[PDB]
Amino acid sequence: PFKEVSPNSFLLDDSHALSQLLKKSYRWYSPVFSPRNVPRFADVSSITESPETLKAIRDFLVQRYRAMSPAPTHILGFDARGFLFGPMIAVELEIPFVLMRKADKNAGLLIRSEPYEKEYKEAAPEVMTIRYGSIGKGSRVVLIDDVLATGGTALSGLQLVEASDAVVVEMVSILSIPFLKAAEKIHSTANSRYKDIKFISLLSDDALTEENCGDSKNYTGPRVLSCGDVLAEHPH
């Protein structure tokens, strides 16, 4: 079950089969082996390429929401890694899966989020959107993405569900980076207006060790190879 690690922020107990499987399957990469500049980039492919792990996530979340009452009415996944988990849950629960994307990616009349100023060190916040009317008054929305880091995207989700006159069931993430204090910051910002927002995570990045490092050991070549160069490595 989920244990409260901090106010309205829950983590699956590490004895659960799902937590074990995620700990076993997850692979992280350092800067020279990833597309982002963070110490450890958690690769979502290490999860989607794992049939046993993907099904365990689907089974668990589907059982969670089917047992939930009042039951959720919508699943809102974040572009693009949230798209990998949302649909398989929504197809089982038989409720709509809504897409949160930048305006230049979404169709129809849209509603845009209002991110906070970037607190130095750059890292400009993303303005996200959902189609106007995709989520109606009285809807109970489950927000989903792969990794909860600073919480900037989660906040965009909250604002959009709020603006739609709907309520957030909870923000769910496969992995959370508790060091960046997303739940805490979101829970106290703007005079605790989002204090009631529940955050659930299936695994903490603190559970990831060097054993989860996907970096190529003793490698000195480039990170990216063309098709032609790879084709030359084998008979064809």
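One-based numbering along the sequence shown.
With 125-133 and 148-156 compared on mean CA B-factor from the PDB entry, the stretch scoring higher is 125-133.
Mean CA B-factor, 161-169 versus 114-122: the higher value falls on 114-122. Comparing the C-alpha B-factors of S45, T53, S176, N191 in the entry, the top value falls on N191. Within the group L61, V32, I197, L203, the record's highest C-alpha temperature factor is found at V32. Compared with the other modelled residues of the chain, the Cα B-factor recorded for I57 ranks in the lowest third. Among the modelled residues of the chain, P72 sits in the middle third by CA temperature factor in this PDB entry.
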